[PDB]
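Student: Below: one structure in structure tokens.
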Amino acid sequence: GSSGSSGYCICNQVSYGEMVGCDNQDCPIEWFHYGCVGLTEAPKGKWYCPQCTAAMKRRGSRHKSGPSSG
Ligand SMILES: [Zn+2]
Ligand SMILES: [Zn+2]
């Protein structure tokens, strides 16, 4: 059993250093490192973690989620 860190960022590490809270409160992390996501500096506009933008993108165009059979 590995205990100690709260595992937040995608790297499964504690929430330290300059972190950017995902705009989507629903986000399971809502906290990613700047070096992990690549943010030399705070985002002027709205910033969405790579975990959401990936999901939202699929839901957008080609929104076809039917029954899995075959
Ligand atoms: Zn990280
Ligand atoms: Zn997110």
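Order determines the names: the first chain of the structure tokens is A, the second B, and so forth; residues in each chain are numbered 1 upward, and ligands are numbered 1 upward as they are shown.
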In chain A, what's strand (DSSP E) per DSSP? Answer as JSON, numbers by chain?

Tutor: {"A": [19, 20, 32, 33]}

Student: Please, could you write that set of residues out with N, CA, C and O atoms as a tab-separated table (two decimals), in the first residue's frame?

Tutor:
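result20.tsv, written as the output of this step:
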```tsv
chain	number	residue	atom	x	y	z
A	19	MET	N	-0.56	26.09	-9.52
A	19	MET	CA	-1.51	25.16	-10.13
A	19	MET	C	-2.68	25.91	-10.74
A	19	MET	O	-3.08	26.97	-10.26
A	20	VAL	N	-3.24	25.35	-11.81
A	20	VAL	CA	-4.38	25.96	-12.49
A	20	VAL	C	-5.64	25.11	-12.33
A	20	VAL	O	-5.74	24.02	-12.89
A	32	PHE	N	-4.10	21.12	-11.90
A	32	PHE	CA	-3.01	20.58	-12.70
A	32	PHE	C	-1.79	21.50	-12.64
A	32	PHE	O	-1.92	22.72	-12.60
A	33	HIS	N	-0.60	20.90	-12.64
A	33	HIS	CA	0.64	21.66	-12.59
A	33	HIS	C	0.87	22.42	-13.89
A	33	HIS	O	0.37	22.02	-14.94
```

Student: Taking only C-alpha atoms and all ligand atoms into account, which residues have an atom no farther than 12 Å from ligand 1? I'd like them as a PyMOL selection string.

Tutor: chain A and resi 7-20+29-39+49

Student: Within 7 Å of ligand 2, which residues show up when you count only C-alpha atoms and all ligand atoms? List them as a PyMOL selection string, please.

Tutor: chain A and resi 22-24+27+29-30+48-52

Student: Just the helix (DSSP H, G or I) stuff from stretch 9-64 of chain A, please, per backbone DSSP, written as a PyMOL selection string.

Tutor: chain A and resi 34-37+50-60

Student: For the residues selected in the previous step, produce a file with N, CA, C and O atoms as a short mmCIF file (atom, residue, chain, number, x, y, z; two decimals), in the first residue's frame.

Tutor:
```cif
data_model
loop_
_atom_site.label_atom_id
_atom_site.label_comp_id
_atom_site.auth_asym_id
_atom_site.auth_seq_id
_atom_site.Cartn_x
_atom_site.Cartn_y
_atom_site.Cartn_z
N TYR A 34 1.62 23.51 -13.81
CA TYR A 34 1.91 24.32 -14.99
C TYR A 34 2.89 23.61 -15.92
O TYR A 34 2.79 23.70 -17.14
N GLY A 35 3.85 22.90 -15.32
CA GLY A 35 4.84 22.18 -16.11
C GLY A 35 4.28 20.91 -16.72
O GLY A 35 4.77 20.44 -17.75
N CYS A 36 3.26 20.35 -16.08
CA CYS A 36 2.64 19.12 -16.56
C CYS A 36 1.73 19.40 -17.75
O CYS A 36 1.69 18.63 -18.71
N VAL A 37 1.00 20.51 -17.68
CA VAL A 37 0.10 20.90 -18.75
C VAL A 37 0.79 21.81 -19.76
O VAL A 37 0.38 21.90 -20.92
N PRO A 50 -6.44 19.06 -20.05
CA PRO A 50 -6.42 18.17 -21.22
C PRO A 50 -7.33 16.96 -21.03
O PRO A 50 -7.59 16.22 -21.98
N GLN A 51 -7.81 16.76 -19.81
CA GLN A 51 -8.68 15.64 -19.50
C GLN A 51 -10.12 15.95 -19.89
O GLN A 51 -10.90 15.05 -20.23
N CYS A 52 -10.48 17.23 -19.84
CA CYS A 52 -11.83 17.66 -20.19
C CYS A 52 -11.94 17.94 -21.68
O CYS A 52 -12.77 17.35 -22.38
N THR A 53 -11.11 18.86 -22.17
CA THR A 53 -11.11 19.22 -23.58
C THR A 53 -11.19 17.98 -24.47
O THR A 53 -11.78 18.02 -25.55
N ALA A 54 -10.60 16.89 -24.00
CA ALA A 54 -10.61 15.64 -24.75
C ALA A 54 -12.00 15.00 -24.74
O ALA A 54 -12.44 14.43 -25.74
N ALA A 55 -12.68 15.09 -23.60
CA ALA A 55 -14.01 14.52 -23.46
C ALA A 55 -15.06 15.40 -24.15
O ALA A 55 -15.93 14.90 -24.85
N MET A 56 -14.95 16.71 -23.94
CA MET A 56 -15.89 17.66 -24.53
C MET A 56 -15.81 17.61 -26.06
O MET A 56 -16.82 17.75 -26.74
N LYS A 57 -14.61 17.41 -26.58
CA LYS A 57 -14.39 17.35 -28.02
C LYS A 57 -15.18 16.20 -28.63
O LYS A 57 -15.81 16.35 -29.68
N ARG A 58 -15.15 15.04 -27.97
CA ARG A 58 -15.87 13.87 -28.45
C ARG A 58 -17.38 14.09 -28.39
O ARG A 58 -18.10 13.71 -29.31
N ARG A 59 -17.84 14.69 -27.30
CA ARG A 59 -19.26 14.96 -27.13
C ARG A 59 -19.77 15.92 -28.19
O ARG A 59 -20.93 15.85 -28.61
N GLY A 60 -18.90 16.83 -28.63
CA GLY A 60 -19.28 17.80 -29.64
C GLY A 60 -19.53 17.16 -30.99
O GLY A 60 -20.57 16.53 -31.21
#
```

Student: Between A:1, A:65, A:21, A:6, which one has atoms that come closest to residue A:43, using only C-alpha atoms?

Tutor: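 Nearest candidate to residue A:43 out of A:1, A:65, A:21, A:6: A:21.
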